[PDB]
Each structure stands twice: as structure tokens, then as C-alpha cells.
Amino acid sequence: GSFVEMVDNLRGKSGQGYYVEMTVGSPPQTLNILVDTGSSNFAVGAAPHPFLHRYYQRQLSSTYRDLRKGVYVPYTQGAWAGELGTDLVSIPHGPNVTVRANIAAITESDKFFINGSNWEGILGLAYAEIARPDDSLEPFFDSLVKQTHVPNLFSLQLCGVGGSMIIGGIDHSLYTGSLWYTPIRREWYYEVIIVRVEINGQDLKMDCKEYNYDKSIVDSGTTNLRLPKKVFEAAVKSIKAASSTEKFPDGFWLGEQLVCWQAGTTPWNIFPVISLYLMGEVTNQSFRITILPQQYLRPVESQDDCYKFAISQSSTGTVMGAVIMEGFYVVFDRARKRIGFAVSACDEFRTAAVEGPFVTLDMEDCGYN
Ligand SMILES: CC(C)Oc1cccc(CN2CCC3(CC2)C(NC2CCCCC2)=NC(=O)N3c2cccc(F)c2)c1
């Protein structure tokens, strides 16, 4: 294919995120950068930290321009503080261009960097609406599209580690079957609408507004499938019932306890498949994505294979994280305001699937206002 040099440009450690090499400044300083479709800032470690193997040294970059404004980005699990500036940026195993982009030089952080993750910064691929300090700080992808002829689309194949980030197009070697698209509801996070949920083909039977309360997003930076409290409770009750051939402690379903099996004896067949139906591109038409227990039971790094249940509770809406994305080739078609899913080219009884079309009425009522 024409995008062959972008294939296998991602690396990662299981549950620690997927990262791409990015070259900043002059002379070049290459760093490993987390690919994050759930945020909109490009930021790099720019001072020593015990979890960083390398960091950005602004004084060595002749093309660095200080914006003379600080920036702070806070989350429930971690945060960072830094200084704004601009510098030349290229992605050596990405598009053949160099752009001048905003870059936040992280000088201090709290529980942000991960010990042994091998990444030193973050590439926020979402929209300006959620950029810090505000929506006037142009995100990296926006700069790329404004400054070059690279088409306004990227696609991710996260292999549950390595993967591919294809910038400016779609690589047909990365998927099988058809690509099915769901609208991007609003350009802030990559917001989508979930219209039905099934556990082993059995409808969870919740009002669909609950699945998207207060939003549903596609986020390569989040490990789990995160569900709103009411949905999480019903989903666990159904998964437990479907996996009744084996009993697990209550804490396992809450991610407080792990369960380990003798190497290669994991009874995948006892756990159910989970299907999320997404709003399609035509009136009353939907499609579904189906994930296996190999996606939602995450290995924790012996003669025993330990797993963590990777479906968890959220109070800020549904988050379709790496648990969801790992089964699929995901196209972030910004130009057409849509997200595409297809079966990823990366057991003997079941496979992840993308199927359609289905008829689903009143899907417009599923969204939060
Ligand atoms: C691979 C993950 C586990 O590790 C990291 C580490 C850093 C950044 C990210 C990307 N990324 C950063 C933001 C994220 C998810 C993961 C988050 N997103 C929510 C924002 C509001 C809407 C709903 C989604 N809430 C958190 O506390 N996060 C977090 C999670 C872990 C650490 C952290 F500091 C923040 C991920």
C-alpha cells in the first residue's frame, strides 16, 4: 500500500499506552509520545523526572519560540504544569512534512508519567474546544492540516505491544471486511452515540440516554471501557450471569482483585461477547461492534497469567478506550465528521466483529443535552 512506511509506527507496554516517535526542534530531538484521542494538547517532558529516560531541551533548539504563557492540565488521576512555546515538529514514521506547532514544555507533574511506559509526552489528537489554556491554542492536528496538504483524517490500529497510526489516509492491509461509520456528534472529544448494548446477544434493556450520559467518547489514551454507574452495574450483573460456569469474587468485577490462570488455560469460552450498537450515517440505521473477553480481560505483567477486568465505572460518561479500540481499525475521519470501525487485521471459536446494518428507531433521543 501507499501508506506502508506508517505501518507498525506505534509501540507500547501492555496497559501503559501506545506511543509514536516525534522529532522536535533544531537540531532534532526525538521523543516517544503517547497517542491520545481524548485530549488536545501536544506536551513533552522538558526537565528531569525519575520516570523519564529523555526530555525536551529547549535551550538546545534554535527554532524554539517561547509563548511566554504557562499552561496547566488537570485530571482525576494525574496532572502537569508547563510553559507554552512553538517549535518545528515532524513524525519520522508519519507524514512527510514538518510543521511549526504549539508545544507545552512540562516542567512539573503529578502521577502523569508512568514508570516504565517508555513515553515522554502526549499528542492530544482531539479538538480545540478542550485544549488548555483555552480553544485559541491550536492543537497539533489542526496545525498539520492548516500548514500542509495532508488530508484531514487519521486512523489507528492498536494491537493488544504495537500498532499503526496512519496519518492522512486509510491503509487497507490493516483491516478486513467493511468500514462502518458513526457520526462525530460534536467536535470537542471524539463524541459518538451508543444506541443499544448486548451481552451475548442479550439486550441490556436500558433507556439509551443512559449509555451516553453525559457523553460517549472514543479515547486511545484511556485503558478501559468506562461506563456510567447505572450502565456499569447492569453490565456487570449480565456478564456475571453469562459467565456463571465459574464464580469470581465481587472485587474482580470492581478491578480490586485479579484472577490468574495456569499459563495458556484461560477459559475464554466461559466469558460473554459484548456488543455496542452505534448510530449509523442513514436515518434509523445502526451497526454493532462486538468485543471478546480477550479485549476486556487485560493481562497484568511466570507460570500464571493474571488478568484485570477492564470495564470500569465512570461519572463523566462512556469512554471507549483501548479495550474497545484493540479489536478494530478505527478511522478518525475529521473531514467528514465521522468515526469508522472495521475488524482489525491484528481465538478458534470467536472473533471481534463489525456488523450491520440494523434498524434502530428514535436514535436522536439517545444523546445528552
Ligand atoms: C494509559 C493510561 C492509563 O496512562 C495515562 C497517563 C497519562 C495520560 C493518559 C491519557 N489520558 C489522560 C486523561 C484521562 C484518561 C487518560 C482522563 N480522561 C477523562 C477526561 C474527562 C472526560 C472523560 C475522560 N481522566 C483521567 O484522569 N485521565 C488520566 C488517566 C491516567 C493518568 C492521568 F494522569 C490521567 C493516560
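Numbers and lists here come from the model and the stated rules, or from a named source; these are not laboratory values. Note: ideal-geometry Cβ built from the backbone for every residue, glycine included; neighbour counts use all protein chains shown.
Inspect all residues belonging to the range 287-294 and state whether any of them is under 30 Å from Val150 (Cα atoms), in the same structural domain as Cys159 (by CATH) and not aliphatic (A, V, I, L, M).
yes
Please verify whether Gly356 is over 20 Å from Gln157 (Cβ atoms) and assigned to a strand (DSSP E or B), treating the condition exactly as stated.
yes
Read through the list (1) buried (at least 20 other Cβ atoms within 10 Å of the Cβ); (2) within 15 Å of the ligand (Cβ to nearest atom), then give the number of the only condition that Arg186 fails.
The failed condition is (1).
Given the criterion of a type outside the set (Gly, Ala, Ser) and in contact with a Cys (Cβ under 9 Å, 6 or more places away or on another chain), identify the matching residue among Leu52, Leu10. Explain how you work it out, then say what you get.
Values: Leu52 fails: in contact with a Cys (Cβ under 9 Å, 6 or more places away or on another chain).
Just one listed residue meets the conditions, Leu10.
Taking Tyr72 as the residue in question, decide whether it is among the aromatic types (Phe, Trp, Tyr) and surrounded by 13 or more Cβ atoms within 10 Å (Cβ to Cβ).
Values: among the aromatic types (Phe, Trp, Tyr): yes; surrounded by 13 or more Cβ atoms within 10 Å (Cβ to Cβ): no.
Against the criterion (among the aromatic types (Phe, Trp, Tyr) and surrounded by 13 or more Cβ atoms within 10 Å (Cβ to Cβ)), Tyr72 does not qualify.
Kindly indicate whether any position in the range 292-304 is within 24 Å of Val35 (Cβ to Cβ), in a strand (DSSP E or B) and among the hydrophobic types (A, V, I, L, M, F, W, C).
Among the residues of the range 292-304, at least one is within 24 Å of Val35 (Cβ to Cβ), in a strand (DSSP E or B) and among the hydrophobic types (A, V, I, L, M, F, W, C), which makes the answer yes.
From the residues in the range 85-96 that are outside any loop (DSSP other than H, G, I, E, B) and within 25 Å of the chain's Cα centre (by Cα), which one is farthest from the ligand (Cβ to nearest atom)?
At the first step, the residues of the range 85-96 found to be outside any loop (DSSP other than H, G, I, E, B) are 85-90.
Keeping just the survivors that are within 25 Å of the chain's Cα centre (by Cα) gives 89-90.
Working: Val89: 19, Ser90: 23 Å.
Here the residue is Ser90.
Can you work out which of the residues in the range 215-235 that are within 14 Å of the ligand (Cβ to nearest atom) and β-branched (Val, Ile, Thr) is surrounded by the fewest Cβ atoms within 10 Å (Cβ to Cβ)?
Ranking the qualifying residues of the range 215-235, first place goes to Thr223.
Which pairs have Cβ atoms under 7 Å, sit 6 or more apart or on different chains, and link a residue in the range 199-222 that is basic (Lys, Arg) to one that is assigned to a loop (DSSP other than H, G, I, E, B) and surrounded by 21 or more Cβ atoms within 10 Å (Cβ to Cβ)?
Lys215/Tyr189
Which of the residues that make up the range 236-257 are loosely packed, with under 13 Cβ neighbours inside 10 Å and among the aliphatic types (A, V, I, L, M)?
Across the range 236-257, the qualifying residue is only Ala241.
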